[PDB]
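A lone chain, given as structure tokens: the form deposited in one PDB entry.
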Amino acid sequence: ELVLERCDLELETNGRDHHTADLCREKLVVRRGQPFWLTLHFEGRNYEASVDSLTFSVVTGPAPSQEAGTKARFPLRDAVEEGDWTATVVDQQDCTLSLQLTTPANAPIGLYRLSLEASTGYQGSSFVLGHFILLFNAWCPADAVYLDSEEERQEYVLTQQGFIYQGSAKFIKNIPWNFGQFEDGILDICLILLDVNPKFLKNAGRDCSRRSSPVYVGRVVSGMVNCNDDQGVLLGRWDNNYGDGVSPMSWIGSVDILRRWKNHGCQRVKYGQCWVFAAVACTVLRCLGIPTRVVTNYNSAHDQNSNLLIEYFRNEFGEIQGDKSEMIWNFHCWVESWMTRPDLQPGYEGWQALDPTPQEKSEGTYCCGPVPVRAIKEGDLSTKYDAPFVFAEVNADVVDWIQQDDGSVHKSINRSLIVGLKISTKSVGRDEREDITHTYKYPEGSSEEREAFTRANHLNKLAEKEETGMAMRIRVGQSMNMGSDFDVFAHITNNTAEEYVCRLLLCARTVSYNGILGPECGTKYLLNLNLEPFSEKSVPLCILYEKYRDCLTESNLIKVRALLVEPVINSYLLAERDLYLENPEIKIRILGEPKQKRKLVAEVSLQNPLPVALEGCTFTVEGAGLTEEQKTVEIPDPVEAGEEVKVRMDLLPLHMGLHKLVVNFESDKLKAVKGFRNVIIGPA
């Protein structure tokens, strides 16, 4: 019979065509909705359509079934593609045949395996061509994750090194991150992740069938990052007691987290955080083919049970009583994927927000799920998934009540805190920051904003607030350099033409990005502050390194809160600010000419800003397109104040194009300090 000796998958051509060149190392990895090539090597009889009939059968999942789309059998139609799964002969030479297979744009995602059934006469021999991986295609016009443009496809599906935005609203810091979705073994890790969710354990066949929908895959991926408690990827922790594992700030790449999760069976990786969850989810989604970007919202009202009215009761000193209340997060990071939604009303296609951080649900504290960004913009809270929570995270209202010792309460005019004021992501192509707050909220004070609030029953906050002549804000003169003492001003501007005798309550506390305040690092209690008519007074507060050294969080955030209170019945004024203390810059240099499969040396240096010595200095670099594993060096000698630490590392780049070298510094006193540098690998 027509027996075959070997089947030659064209790894190079398929990888180049389907943009899966990095993934096509040893196994074929193609994208649905596109024709991929294949080669058959028959020894002597070659192939004749007259008597030889080939019918491919492709199998997926532990419970295949034709009606569910997992299993598909299709003949060798030489003329055209008459259906979803088709195979046509494109070239026929001596001893060899070529094939151009095609997959439906709505095929399930996962590990498929082929089977040739060569039926010549009565001899229907059954073969096994091999396995391959099917991923979401952003290039197929009929696919649900199709992107019209090309730069967006490169940035969101093929770029494996990006920026996570942190710090404060007034000072955005672009911390580098190495997604590495195309790293060695990452795709298998993502498949195992998709093969261990509770839905798969409940009904494997239904899960495999429903993997075709990108929204379901997004839900499964986001829910298995942290939300799953049994064998989730990470284990959240917020108190600064990460000694049992790796601190959240220490992570520089999701590849390490995924490899640690896979190696230790499936146990939770130690002490991740919200932006870590977003980075891991973005890595998994990008590996699976879904165009995903990490989006950070500053002053987010996360974990408020979707409440649109947040009331904070404070004391006469401005300190928030009632510890049961949840603080306003300085920033919250969630992913945003590109999908088309048939399950919703027409027009709700495009960017969909996934939040892998479990909020406080009324049932079980689950994740959020894909809500259209346009749905949040128009306030369509009635969508399928958790629209109200994401809407509250960007459109909440905060009321700061002051409860004095007399038992009475007053409303403080807090004009500084705006929920969801700055939403940022990485720009397409360049390294700049793209401020996408306009796609989540309508412009303030506009008719569209009013109608969106009316559709969301949220028009309560639109009402005008107090308009007293007193005005006040927290001002910063120079850059916030960590490890040095500084002064932060409280600016009072008066235009009422009325002399005021008020008392001011400066207080600075080390705070994490969750809003968990720590011990005070400086205070100032002015009791007879005088404000002249049409005057403008700046009251400085001195913050000392010896004060915030002990309790500073690893995110280098300090909250300065000041309260201007008049003894008379008139209301109270409040002003808060978040200061990001800048870590010292990591100077990265590359010596030699960057060439593929050639030795490279990276000269990394840092200058210690602290007045004391760092003991356990440790550099760690990672790059998806530069190295196959993290390069870690430990300096065995402490570096004194002002002294400069300097190390050299060896790299063996293996991929072309542009790459980012993510560098992390970890010492006993200077915490995780990040750095990056773009390198272009030469053709050689």
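Residue numbers run from 1 along the displayed sequence.
The form deposited with a partner chain bound is left out here; the points below concern that form.
Enquirer: I need the one stretch from 254-262, 311-319, 369-377, 445-453 whose residues put non-hydrogen atoms within 4.5 angstroms of the partner chain in the deposited complex.
Expert: That would be 311-319.
Enquirer: Just give me the single entry in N178, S337, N556, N299 that has a non-hydrogen atom within 4.5 angstroms of the partner chain in the deposited complex.
Expert: Exactly one listed residue reaches within 4.5 Å, namely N299.
Enquirer: Considering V399, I172, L417, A613, which brings a non-hydrogen atom within 4.5 Å of the partner chain in the deposited complex?
Expert: Of the candidates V399, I172, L417, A613, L417 is the one lying within 4.5 Å of the partner chain in the deposited complex.
Enquirer: Using the partner position in the deposited complex, report whether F331 sits within 4.5 Å of the partner chain, counting heavy atoms only.
Expert: Yes, contact at 4.5 Å.
Enquirer: Can any non-hydrogen atom of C190 be found within 4.5 angstroms of the partner chain in the deposited complex?
Expert: No, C190 is distant from the partner.
Enquirer: Even though the partner chain is not shown here, does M327 get within 4.5 Å of it in the deposited complex, heavy atoms only?
Expert: Yes, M327 sits close enough to the partner chain in the deposited complex that at least one of its heavy atoms falls within 4.5 Å.
Enquirer: Taking any heavy atom pair closer than or equal to 4.5 Å as contact, tell me whether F136 reaches the partner chain in the deposited complex.
Expert: Flag for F136 set to no.
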